[PDB]
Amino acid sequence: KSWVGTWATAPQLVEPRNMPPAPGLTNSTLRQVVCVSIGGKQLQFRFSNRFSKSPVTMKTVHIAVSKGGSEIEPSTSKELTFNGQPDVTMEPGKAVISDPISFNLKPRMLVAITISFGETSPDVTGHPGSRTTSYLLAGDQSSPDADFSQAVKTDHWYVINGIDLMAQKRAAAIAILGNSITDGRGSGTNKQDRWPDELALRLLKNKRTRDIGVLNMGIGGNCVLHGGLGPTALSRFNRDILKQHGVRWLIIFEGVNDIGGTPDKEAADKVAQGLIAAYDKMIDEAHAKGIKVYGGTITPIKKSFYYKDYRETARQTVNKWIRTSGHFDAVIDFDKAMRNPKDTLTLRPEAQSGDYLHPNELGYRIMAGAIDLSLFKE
């Protein structure tokens, strides 16, 4: 057996507007909920301080089955350790991985991770677009019987980075690079129904693909080339994709924010060529590690705040390259799945959030339903 990722979230420097509310993380206890893909029996948990400039101390970390909301099944709670000890300090810019731990992890299990912090970094490493409520209490509230029913709610994740499990060679993971259309803006809070979540459900029910996990490395507002929110896709590619465990496929579905940021035709045409070059660079680097790469066509923007005629031209340039260049190992045509048959330059009205840019839950289900699962064999 060897490690295979079952859940991950892509880290960044948290912006002030997305910081934890009072009472803050220092000397407080934070309960967070994640939804895994594949199950297993022996796990490790990864925590990141990659974007913080001060050390961060976790006095204790516990894991348990979440019962919804902030509640847990207390008989399932276990403590993590880090070289035998319950407490660990992360160095500035670094991550830590727990000791391996036995836990009955079922497919699509909701896992509550409870961290009691000591001193923390005001530049926080986290993932603002969690689409999931986290719960904060002042003090050290690490007992499995602690009451969180009154905790301060925050719809962000902090510090947590991944869960991997030990599996046999038939087990593997898909890693997915994207923006908020992949991170799940428009999906239901606490409903774990981002399109990669909907893909995980389809894989788990298809007997042939039941041991294939899904690692959602979307970042809300992300760019491939420059600017945007969080580190660019090119900058984070090694950490967020190539260093994951057990990955045998990458889906690249990103670039709308690069196009959306352009002020004129000249700039938009340059971004289209830059995206194509960036796709080729990431395809090559993944291929050199034996990973197959599938390309997602960029979905419609007309009627959204991003629409301009010259931006639409760039989008079409990129999509024609995705569809026809042959450089991707296959094409996942999300544009074809999401576009209105009656007005192909706009999203299906009933499958979007009101902004004509982000799908809604139905749209994310349609997008996952358009993926041929035969792309993930062995």
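Numbering starts at 1 and runs along the sequence shown.
**Q** Which of the two stretches, 144-152 or 86-94, shows the higher mean Cα temperature factor in the record?
**A** Mean C-alpha B-factor is greater for 144-152.
**Q** Look over 323-331 and 47-55 in the entry and identify the one with the greater average Cα temperature factor.
**A** Averaging CA B-factors over each stretch, the winner is 323-331.
**Q** Among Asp240, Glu198, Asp264, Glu79, which residue carries the highest C-alpha B-factor recorded in the PDB entry?
**A** Answer, based on the entry's C-alpha B-factors: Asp264.
**Q** Return the residue from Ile163, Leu136, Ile113, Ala268 that has the highest Cα B-factor in the entry.
**A** Across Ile163, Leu136, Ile113, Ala268, the entry lists the biggest C-alpha B-factor for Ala268.
**Q** Grab the CA temperature factor for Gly218 from the record and place it in the lowest, middle or highest third of its chain.
**A** Within its chain, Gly218 is a lowest-third residue by C-alpha B-factor, going by the deposited values.
**Q** Which third of the chain does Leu203 land in by C-alpha B-factor: lowest, middle or highest?
**A** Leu203: CA B-factor falls in the middle third of its chain.
**Q** Quick check for you: using the entry's CA B-factors within this chain, is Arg348 in the lowest, middle or highest third?
**A** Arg348: CA B-factor falls in the middle third of its chain.
**Q** Tell me, lowest, middle or highest third: where does the Cα B factor of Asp211 rank within its chain?
**A** Highest third.
**Q** Of the three thirds of its chain by CA temperature factor, lowest, middle or highest, which one includes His62?
**A** Its C-alpha B-factor belongs to the lowest third of this chain's values.
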